[PDB]
């Protein structure tokens, strides 16, 4: 899978740094009452749709792991590494096609998003606990909605640009 | 209170499964003895602890109260007792919340964010045998980690710049808010691309060339063997 | 227009870790002013700057800017038009670009406050041609432009809001000498022909010597010296110990002073020094 | 002697600007400085010198190893590099790792690496900054520890691709100073593609490029005689030149030949007094 490429190996690092930075920084207050920290998943999904593609799973996983360390709940680090790490890959591998059109991105985003929703739900419902799973479902559903929406909003303009 | 700190990452790795791989009442006595012992050993000063439990307090209340109310028997509208199982289970999940949250805070305050990447590089060593590149992930993770703070300084200045020219960040609802995130996200991505391209030509021209290989610039075994003994003691009783 | 009154600010509020980025700041910048803030990094210059467009509400004291009145009690909602009133240019403004075309990019500014879209695009073209050069660049993508040109596009985007007070956080940074020259002459041009109150945080002493009408010296969150460049640059040694220094014209004037001739005032600029030398040239 | 360049070309004019029929040679330990507008390649030539940016035509040979594809790293060995923007090109988790970064990947070393790193940081004087991460400092300091990092290699050639382009006057003057003392100690060739008049004045020789073609080449003192035309040439005016221009704007005619501050002062005092 990994080679790794000359420029791409650095691009992944920078994008991870960006996602983590945005994760710690940017807060998105929902209309009562939680927040949307996983706008980093915008960076994840976008990194998966841009070039992307399979390799974007690094930008998904390592970043989320670091987020778990920094935000932070270090105990969940492996879980997030797996959930996000596979999430970005589910978006990436399912994406092409040839990036043509919005729907072409709309379909794989739905599947990859469920990996987070179902993943964290099972992650919660393990140490926990019947209500924690439901709460995780709701929160991560709103969060997935925001992330996918923003990603869809950006990825258009970006594909026209983008180095490689 | 710093230590190895390479083993703390393994603590973060194992504490998750160790947490639920134990019923009772007895393994809880072992677990609490271990955790409280670690807390007392590592200073604290419960301020950051209680302030750490503070945001998740709503989730603790929600989970415990739902685990209760959906158990005495609650469903089909009837309370009283029989329920006690749900009571002690709610207590179990409450103490569970306390343990996981406080240990999360302790682990957060323990390690300095720097050496964690090198620790990851050290722990990924066996993975070398599985053909998985270790040094590439190590360099990538180190560069990313060191670029995390400087990208925060960048993300703030971009937001301030856009706010200065009319962009109203943070305001509701959600669609109009997500549309507002674009003038922040788009510049950052393109800046990240330039950040990498300049870094690629930098590393290429630098003394480090195209390598990927190969060069790298007593309390350890104690607490981990203690962790092993405690973990075995937990493995003894577990009701299954 | 601008008027600080016993202003002070601190990260982060009363709770630790406390760090007063500013303390007891009082000053007044008149209409058509041209303030130049000088000092080291982290000396409170950036805080003083962000204090203008209400990016940072003061912990104490008041900030009167024309009709506006900034106070610690002031809410975020009421400070909405203050941003269109006070334009700002952060260091390396190119980064603020994002639109697919420079026309819509420059027009994006007013569009948030107002705005009639067609009038916004037309105003975007107007600002496009008023900034440096950039004629008919409207259809071209900003990312395709050079660094300096992108800086001109961003600056035009800021100017599109029709601000009465322009703020510049080291705008000539990274630019080639011609870029810096043309940009500074652009700022002076807007200053003299349009409004225009202009705040200018820099390190280049020459631009302050030539263009600035008044100087504000910062040093760890406190406005120590304040006044005309003649008053500020009068005491050289004070600046020397503050790791600053008088302009090259003043230094060379001291060089000609030790030899030495006399001058009615300390020459801050090569033009002034040339005048003072020309008079004595006519005499002797 | 050290850097022979008979012919050079770049096909991007059909990104990095352009180059056509560029030709020059760099002497040993020579303080070279390349200047020009924006239409000039400049940074293009800087990219071509190290090894990156594969040219379509021409040939460049760093004495004595010739370019490019197979011997690129061989040429890159004896060549230090400093780029603009010190936030980038740092790559290290901290100053120490940043300095050791260049040393690391040459199959050596581990044990002898440490005292060499400490000696380099001692040489730049930032020894008390190895503990600090780049996300805390400073502008000229990150560039200075990048300079320490590349000087840890101790190459025969050093390239400054506008290192002081994005620095405060403090960090810029300081950097130029430590580069001067570095020249004093190690004695090495320093090619600096910049637009800083102080650096160009520090140079022993100045190449002026325009439209991808080397239009001029002379001693900095002779280059400064271009007066007001210096800005268009992408280089600030010496204050003596500013004063002379301001004087000829006022009837007084100063000497055409370039003069330092001391010479200008002496001539001025000689005139009226």
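Gyration tensor over the Cα atoms of the range B:108-236: the corresponding equivalent ellipsoid has semi-axes (square roots of 5 times the eigenvalues, largest first) of 39, 25, 13 Å. Ordering of B:124-130, C:81-87 by packing is C:81-87, B:124-130, highest average first (other Cβ atoms within 10 Å, averaged per residue).
Ranking of B:171, D:199 by neighbouring Cβ atoms within 10 Å, starting from the fewest: B:171, D:199. Other protein chain C-beta atoms within 10 Å of residue C-beta, averaged over B:16-24: 2. Global dimensions of the range C:165-208 from alpha-carbon coordinates: Rg and Dmax equal 10.1, 27 Å.
Using a 10 Å cut-off on Cβ to Cβ distances, tally the other chain neighbours for every residue of C:250-256 and report the average as a whole number. Mind dumping the intermediate values first?
Working: counts 0, 2, 8, 0, 0, 6, 5.
Average per residue, whole number: 3.
Label reach from residue B:153 (point 7 Å along Cα→C-beta): in the range D:88-108, amide nitrogens under 19 Å belong to D:88-99.
log₁₀ I(q)/I(0) of chain C at q = 0.07, 0.10, 0.15, 0.17 Å⁻¹, via Debye over equal Cα point scatterers, no solvent, to two decimals? Once normalised to I(0) and log-transformed, intensities are -0.30, -0.59, -1.16, -1.35.
Give me Rg/Rg_expected for the range B:1-97, where Rg uses Cα atoms only and Rg_expected = 2.2 N^0.38 Å with N residues. Write out the running numbers ahead of the final one.
On the way: Rg = 16.8 Å, N = 97, 2.2 N^0.38 = 12.5 Å.
Dividing the Cα radius of gyration by 2.2 N^0.38 Å gives 1.34.
Where in the range D:163-207 is the amide nitrogen less than 17 Å from a point lying 7 Å along the Cα-to-Cβ axis of residue D:116? Under 17 Å, as judged by backbone N against the label point of residue D:116, lie D:186 of the range D:163-207. Three semi-axes describe the equivalent ellipsoid of the range C:1-126; taken as square roots of 5 times the Cα gyration tensor eigenvalues and ordered largest first, they are 30, 17, 15 Å. Taken along the Cα-to-beta-carbon direction at a fixed 7 Å, the label points for residue B:225 and residue C:240 span 6.7 nm. Beyond 21 Å, the tail of the calculated P(r) for the range D:59-191 holds 40 percent of the Cα pairs.
Per q in 0.16 1/Å, what log10 I(q)/I(0) does a Debye calculation on the alpha-carbon atoms of the range A:113-164 return? Rounded to two decimals, the profile gives -0.55.
Approximating the spin labels as points 7 Å out from Cα along Cα→Cβ, the residue B:238-to-residue C:139 distance works out to 7.1 nm.
Put in line by how crowded their Cβ is, counting other Cβ atoms within 10 Å and starting with the fewest, B:54, D:116, B:195 read B:54, D:116, B:195. Other protein chain C-beta atoms within 10 Å of residue C-beta, averaged over D:160-172: 3. With R₀ fixed at 60 Å, the C-beta to C-beta distance from residue D:215 to residue C:231 puts the FRET efficiency at about 0.85. Available extension along the chain between residue D:65 and residue D:184 is 40.2 nm, counting 0.36 nm per residue and deducting the alpha carbon span.
As a proxy for reagent exposure, C:237, D:263 were ordered by neighbouring Cβ count within 10 angstrom, fewest first; the result is C:237, D:263. For the range C:159-284, the average shadow cast by the Cα convex hull is 9.9 nm², which is a quarter of the hull's surface. Computed across the range C:142-228, the Kirkwood hydrodynamic radius from all distinct Cα-Cα pairs reaches 14.2 Å. Placing dummy labels 7 Å off each Cα toward the beta-carbon, the span from residue D:204 to residue B:14 is 6.3 nm.
Placing a label point 7 Å from the Cα of residue C:100 along the Cα-to-Cβ line, the residues of the range A:90-122 whose backbone N sits under 16 Å from it are A:100-103.
Pop out the Kirkwood hydrodynamic radius of the range B:29-84 from its pairwise C-alpha distances, inverse of mean 1/r, in Å to one decimal.
Computed over the range B:29-84, the radius equals 14.1 Å.
Packing order of peptides D:80-86, D:153-159, highest average first: D:80-86, D:153-159 (average count of other Cβ atoms within 10 Å over each peptide's residues).
Antiparallel as a % of all DSSP beta bridges within the protein assembly as shown, to the nearest 5? Show your work: numbers first, answer last.
Values: 36 of 70 bridges.
Looking only at bridges with both residues in the protein assembly as shown, the antiparallel portion is about 50 percent.
Once the Cα gyration tensor of the range D:153-273 is found, what semi-axes does its equivalent ellipsoid get, as square roots of 5 times the eigenvalues, in whole Å, sorted largest first? Walk me through the intermediate numbers first.
Details: eigenvalues 173, 61, 34 Å².
The answer is 29, 18, 13 Å, longest axis first.
Listed peptides B:35-44, B:70-79, D:91-100 appear in the order D:91-100, B:35-44, B:70-79 once ranked by packing, highest mean of other Cβ atoms within 10 Å at the front.
Can you give the convex hull volume of the alpha carbon atoms of chain B per residue, in Å³?
228
Here the alpha carbons of chain D define both size measures, Rg and Dmax, at 20.2, 69 Å. Each 10 Å bin from zero holds the following percent of Cα-Cα pairs in the range D:1-106: 13, 41, 33, 13, 0. Per-residue ellipticity at 222 nm, computed for chain D from helices alone with -39500 (n - 2.57) per DSSP H run of at least four residues, works out to -10500 deg cm²/dmol. Taking one quarter of the surface of the C-alpha convex hull of chain A gives a mean projected area of 9.4 nm².
What whole-number value in cubic angstrom gives the convex hull volume per residue for the C-alpha atoms of the protein assembly as shown? Present the calculation step by step, with values, prior to reporting the outcome.
Values: hull volume 189.3 nm³, N = 961.
Cα convex hull per residue, to the nearest whole number: 197 Å³.
Any read-out appearing in this document is the output of simple, stated calculations on the displayed coordinates, not a laboratory observation. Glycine also receives a Cβ, built like all others from the backbone with ideal geometry; neighbour counts cover every protein chain displayed.
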